[PDB]
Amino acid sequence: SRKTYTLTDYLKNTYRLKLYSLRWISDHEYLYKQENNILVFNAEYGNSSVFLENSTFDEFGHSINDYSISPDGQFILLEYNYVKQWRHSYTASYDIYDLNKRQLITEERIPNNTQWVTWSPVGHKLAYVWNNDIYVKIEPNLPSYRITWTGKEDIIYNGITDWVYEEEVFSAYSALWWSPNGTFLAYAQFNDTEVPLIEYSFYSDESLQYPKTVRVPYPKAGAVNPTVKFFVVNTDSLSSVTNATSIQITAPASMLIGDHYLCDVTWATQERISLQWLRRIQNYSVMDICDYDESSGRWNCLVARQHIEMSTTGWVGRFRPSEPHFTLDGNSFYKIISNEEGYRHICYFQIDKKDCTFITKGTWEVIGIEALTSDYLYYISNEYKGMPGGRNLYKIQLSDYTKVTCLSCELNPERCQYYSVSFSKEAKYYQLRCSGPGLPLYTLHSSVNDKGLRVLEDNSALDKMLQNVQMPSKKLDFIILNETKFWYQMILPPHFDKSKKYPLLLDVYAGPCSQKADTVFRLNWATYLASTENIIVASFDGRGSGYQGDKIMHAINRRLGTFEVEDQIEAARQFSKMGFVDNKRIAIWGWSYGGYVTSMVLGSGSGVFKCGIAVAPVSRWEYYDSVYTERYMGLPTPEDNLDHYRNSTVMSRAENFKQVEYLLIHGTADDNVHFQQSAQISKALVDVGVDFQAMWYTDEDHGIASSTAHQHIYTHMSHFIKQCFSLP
């Protein structure tokens, strides 16, 4: 048809997917921001009113980064002065604005460089972390209560996580959990005293004459890890004159005999907390249930309430143990667990009883449980049509497990196969969000008889624009390795002609529990490559991949760098035997784990690939952090798994790169996958006389996400691909 989807279109966000981000504030109302107004919507009728005009803060004098309205409507938190730290951490300033009095609170303000602020879940108490210590404000205009006195930069963290807990365990900076009531505040304390530091140079603005050395406690594989403690404070009995009493909850005997992690914290009732702990050998976990004792003011954890979840074939959970969903009474809960055959299904547990009752089964997986009411459990799975890369909402009747209703499967089957959901409080209403394979579609629904109420956002604007672009298509299908089905996706150029040979770029992640073949709709680099440059972009899910059971997922156990790499080479050979692929023009590329896979494939000597790009790769597992590495790899000791640590490096394959054109890219301020990793790759290739191309990105981290760098890397990569494929 007409213009194609260009690199610039991608780089400059020319064709924008619209979203419908709402925030539930009750069982029947949400907040939504429709151009410099906050609107409140009524879910049942769809009427709205303006909550707050942005004009309110025209003369506030600071650019407001975000906001948080107190659950009771009384106050809004204003976040400005935002400074990114790692993936989820950042610091900021905070002003509180009283919505009834229509004025800023000017007394007893939150300090600058506050690390974390949370409202209680009810009312308007605040808890915040400043200088690695926790402070609680009962009223926003009143002086705070200091909870901890031990916070120490780089060493003791109260209520916030250190580097590896942020990245690998909680996926959050916060380590503060209010009870449902707001009576108790639970928090974790991390101790990094002997964790070694990664050090790297930060060059900063050109005006900085001497570069800065950034130092971060970061346990690489096998190193000393942070230790953790857990504490609960009663915030309804705090004194101005007497220091706050925090009650410690210790980890079970079965954990305390060695290194372990706190891997999950979930309140069950107003006086019951559940804690999951994990051994540093991540094949064994324990859930504790801890009940408050009114008489002593302490927390007791009966050994008979401990639930064990262990694996005999791999590790526990997909990334970590799944979280429990408690019945309103707190005497039982639902959790996703791997069943006798390897499939992740919902299990029913009652608190002072042994076993558990599986309420789903089949050759598919539950992705997550989304809501629990007295009659139904709402969950997301990939059962529909046996497509591991599709996602649908279901409900199961708690009085009869055979009564499962798919709630999303047939709302719009050609356009919609990949749903997520957001339930109101008490799950009276839900927003469904489909992400593919058509354009995203956002809808509101009522849980009573599962009636559609309202289309929220249908992306009709974007639909119309794309009718005007020569858009590529997605093929989603499967091949067979060894009597098992493995799924792959292909991005095909517009006006695809199977009697012509196309160049193929293999897009790789292939990390454990990854999935790269799915029904999601994306506008990305592959879109450009297929639409303008007529390259087929393919992605393949082999051994190690997720959402198809443990047999596939755990094939890679103690063995990273093997089956997941072979499987990509094999997928490529099978793509090249289908007759529309030019087998003298196959390339490969990947980021993070995919850059480790790309390098191991280029270094395999297979002869399949002409060229490849590795961005921020791992090169050797001893360099990456302990929590993630040791999950898949055990420990790099001779009593454990040192030999496969040494056989799984990129560097050992250096000679083989003389058969391929390789482009290696890394940001110098990468705090996650250290520049060290690529420095050691380059050094091995030079020692062996292999020529290659490189690019460093000064001061960029693992996402290489600053917008000029993002643009420059995708541009640099597109030239490399064009040249390797003799494309004009």
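What we label the rigid core is the largest C-alpha set whose atoms superpose within 1.5 Å from one form to the other. Numbers follow the displayed sequence, beginning with 1.
Annotation: of the segments 53-61 and 663-671, 53-61 departs further from this form in 5 other deposited structures of this protein (C-alpha atoms, root mean square over structures and residues, core superposition). Taking 346-354 and 595-603 in turn, the stretch whose Cα atoms are more displaced from the shown form in 5 other deposited structures of this protein following rigid core superposition is 346-354.
Judged by mean Cα B factor in the deposited record, 291-299 ranks above the other of 362-370 and 291-299.
For the pair 238-246 and 142-150, the record assigns the higher mean C-alpha temperature factor to 238-246. As recorded in the PDB entry, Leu52 shows the highest C-alpha B-factor of the residues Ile665, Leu52, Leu685, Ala679.
Among the modelled residues of the chain, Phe521 sits in the middle third by CA temperature factor in this PDB entry. In the deposited entry, the Cα temperature factor of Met695 sits in the bottom third of values across the chain's modelled residues. Sort the modelled residues of the chain by CA B factor and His28 lands in the middle third. Among all modelled residues in its chain, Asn112 ranks in the highest third by Cα B-factor.
In the deposited entry, the Cα temperature factor of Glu59 sits in the top third of values across the chain's modelled residues.
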